[PDB]
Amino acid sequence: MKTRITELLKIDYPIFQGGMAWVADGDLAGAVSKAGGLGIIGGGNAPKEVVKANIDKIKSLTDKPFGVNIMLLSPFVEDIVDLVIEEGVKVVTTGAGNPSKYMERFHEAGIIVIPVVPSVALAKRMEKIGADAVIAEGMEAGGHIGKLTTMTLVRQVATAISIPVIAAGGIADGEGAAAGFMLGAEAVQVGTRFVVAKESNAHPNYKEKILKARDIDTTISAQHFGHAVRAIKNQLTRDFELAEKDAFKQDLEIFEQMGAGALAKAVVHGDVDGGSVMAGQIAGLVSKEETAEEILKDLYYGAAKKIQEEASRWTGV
């Protein structure tokens, strides 16, 4: 099997392990890339020397292609742009910001550029400015979310643009992967499930929170401030929502002191009470710690089996 994504990126599986701040370090990304998917380092708000450490690590683990996810509103964005070009990174994905500032520079260096998009208008603009592909990420995803769901966003984006679309948000098995393809995506991006990979350095407490999570255990915080974040319910989200209910009755320092280094606390130190346990709605389905390779194969061969089984049921229609 081939897709425009497998062919453009020269990878065996049409599966990205999503760039994730703190979680997506060299070890995790390396494991995914070695296994045949696209590992992606989460640049987040890390300065150059930190991101370089992860790139050094991945290059020591595998020679296969990998991505770096750049957060464009990072105070260190200019350094991270330098770094990926300096290091010969094959693929860049970008969060919310303005990739147009960097597009020609990336392309003059030979980098493939794949912005994350929350809307049809944004996907069309990304295509217009020369993006090689886009990731359509549903609001069910972990982390900073838009408003459209994977079902409706992926379908509408795939219809609107000619460049390949990668479905992200809510995918944690072969069935979910296959659905993504049915909507018109040519690859899938998986986040939540990769956090519990054996090669993931997410604290055991963070992984445990995902493993034990029910379907209904995520919530959206900070929606009223225009910075909606999806995470597993805990003391932080409760205290945050309590303070939001308060604020809607009327001071924003209480929120940024509540949120300051929240993700790091959880991922690195396993403070899953006071930290931010970002994860998607599909956390409910994620129930086993497995190797990155095992996850990739389950996603890929699970998709294949489901598609073949369903094709059999639908033959002659």
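So that there is no doubt, residue numbering starts at 1 and follows the sequence shown.
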{"item": "Between the two ranges 169-177 and 102-110, the one averaging a larger CA B factor in the entry", "value": "102-110"}
{"item": "Higher-scoring stretch by recorded Cα B factor average, 255-263 or 270-278", "value": "255-263"}
{"item": "Out of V195, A231, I129, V116, highest CA B-factor residue", "value": "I129"}
{"item": "Residue selected from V188, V92, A96, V81 by maximal Cα B factor", "value": "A96"}
{"item": "Lowest, middle or highest third - CA B-factor, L72", "value": "highest"}
{"item": "Record-listed C-alpha B factor of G39: chain third", "value": "lowest"}
{"item": "Chain-relative CA temperature factor third for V23", "value": "lowest"}
{"item": "Within-chain third of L296 by Cα B-factor, per the entry", "value": "middle"}
{"item": "Relative C-alpha B-factor of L61, binned into the chain's lowest, middle or highest third", "value": "highest"}
